[PDB]
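Okay, so here's the structure we're looking at.
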Amino acid sequence: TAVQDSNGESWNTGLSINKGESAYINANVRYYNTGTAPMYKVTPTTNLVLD
Amino acid sequence: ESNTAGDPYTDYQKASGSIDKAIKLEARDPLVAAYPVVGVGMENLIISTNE
Ligand SMILES: [Ca+2]
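First to last, the sequence lines map onto chains P and S. Here the first sequence stands for residues 1 to 51, numbered as in the working numbering. Here the second sequence stands for residues 1 to 51, numbered as in the working numbering.
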């Protein structure tokens, strides 16, 4: 006859990532006017170029 | 016909020059149609493999 008493412990850490949407970009910008007239409802279109 | 070339501008509007000033002076002739020809060209292509 035999009796066995076991006690365990575990620790896990994972890390997942998607490779089509790996990060998000946030740009802090500022508009400048160097002409003779004011512009109401300024709506710029910009390019974010990386290499 | 008031628009000989078939564009939005009459014969007088074209010949008299009283149209948009960005139009080429070619199209100031009632026979030459004021007519834009726009095309697109791809320059490079990026692939984002979402695994
Ligand atoms: Ca005519």
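Note that CB positions come from ideal geometry on N, CA and C, so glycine has one too.
Please report the straight-line C-alpha distance between residue i and residue j, rounded to a whole angstrom.
i: P:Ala23; j: P:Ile17; result: 9 Å
i: P:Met39; j: P:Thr45; result: 15 Å
i: P:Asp51; j: S:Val37; result: 32 Å
i: S:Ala33; j: P:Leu48; result: 38 Å
i: S:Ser18; j: P:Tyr31; result: 35 Å
i: S:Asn3; j: S:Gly39; result: 26 Å
i: S:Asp7; j: S:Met42; result: 30 Å
Specify, as a first and last residue, the run of the alpha helix (DSSP H) that residue i falls within.
i: S:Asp11; result: 11-15
ask   = Relative to ligand 1, what is the chain-ordered list of residues with a Cβ closer than 7 Å to any of its non-hydrogen atoms?
value = S:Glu1, S:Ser2, S:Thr4, S:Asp11
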